[PDB]
Amino acid sequence: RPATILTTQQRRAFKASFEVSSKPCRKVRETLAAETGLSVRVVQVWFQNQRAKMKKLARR
DNA sequence: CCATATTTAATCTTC
DNA sequence: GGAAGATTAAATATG
């Protein structure tokens, strides 16, 4: 249950795909999980928090 | 239409 | 004290 703290390489992989789509399909999340070595749930949640981060930034 | 999955909005937790 | 990760319940989307 300890919270995830991403390495640089892992965060770089997340931001690069988020640049392609803010909502990766399960297949994309699945191959992200293999690359980063993290669970699919961690992948899904990182994008969710990231999408919520950009929504606030778009509201002045 | 219906069962299941994904996303949203808000919040809680933790470093 | 601030940001990001994790949780929740409700809303929306999907097959």
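The figures that follow rest on heavy atoms only: side chains count, while hydrogens, waters and symmetry mates do not. Note on naming: letters A, B, ... go to the chains in the order of the sequence lines (proteins, then strands), and numbering restarts at 1 for each one.
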Among the nucleotides B:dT14, C:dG5, B:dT7, whichever has the atom closest to the side chain of A:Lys23 is B:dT7

Rounded off to whole Å, could you give me the CZ-to-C1' distance for the A:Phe47 and B:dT8 pair? 17 Å

If you pin A:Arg1 and A:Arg41 to their nearest nucleotides in DNA chain B, which one's is more 5'? A:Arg41

Please report the closest heavy-atom contact between A:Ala33 and A:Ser39, naming both atoms and the distance. CB-C, 4.2 Å

Under 4.0 Å from OP1 or OP2 of B:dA5: is there any side-chain N or O of A:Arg26 that close? no

When the distance from CD of A:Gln44 to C1' of C:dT7 is rounded to whole Å, what number comes out? 12 Å

Can you tell me if A:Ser21 uses its side chain to pair, donor with acceptor, with the backbone of A:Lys23 under 3.5 Å? yes

From CG of A:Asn49 across to P of B:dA10 the rounded distance in Å is 14 Å

Return the nearest nucleotide to the side chain of A:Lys53; candidates are C:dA6, B:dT6, C:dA4. C:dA4

To the nearest angstrom, how far is A:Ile5 atom CD1 from C:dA3 atom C1'? 13 Å

The nucleotide from C:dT7, C:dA4, C:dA6 with an atom nearest the side chain of A:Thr4 is C:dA6

OP1 or OP2 of C:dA4 versus the side-chain N and O atoms of A:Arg11: is any pair under 4.0 Å? no

Looking at A:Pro24, is its backbone amide N or carbonyl O close enough to the side chain of A:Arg29 to form a donor-acceptor pair, meaning the two atoms are under 3.5 Å apart? yes

Heavy-atom closest pair (A:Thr36 atom, A:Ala13 atom, distance to 0.1 Å) is CG2-CB, 4.3 Å

Interatomic distance where CZ belongs to A:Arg51 and P belongs to B:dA9 [whole Å]: 10 Å

Rounded to whole Å, please give me the gap between CZ in A:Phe14 and P in C:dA4. 14 Å

Mind checking whether A:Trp46 and A:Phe14 have parallel, tilted or perpendicular rings, split at 30° and 60°? tilted

Quick one: which of B:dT6, C:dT8, C:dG5 gets closest to the side chain of A:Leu6? C:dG5

NA contact type, A:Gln48, heavy-atom cut-off 4.0 Å: base, sugar-phosphate, or nothing? base

Atom-pair distance (CG on A:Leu57; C1' on C:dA4), nearest Å: 14 Å

Please report, rounded to the nearest Å, how far the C1' atom of B:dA10 is from the NZ atom of A:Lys56. 15 Å

Does A:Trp46 make a side-chain N or O approach to OP1 or OP2 of C:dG5 shorter than 4.0 Å? yes

Starting the side chain at C-beta, find the nucleotide from B:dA9, C:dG5, C:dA4 nearest to A:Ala3. C:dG5

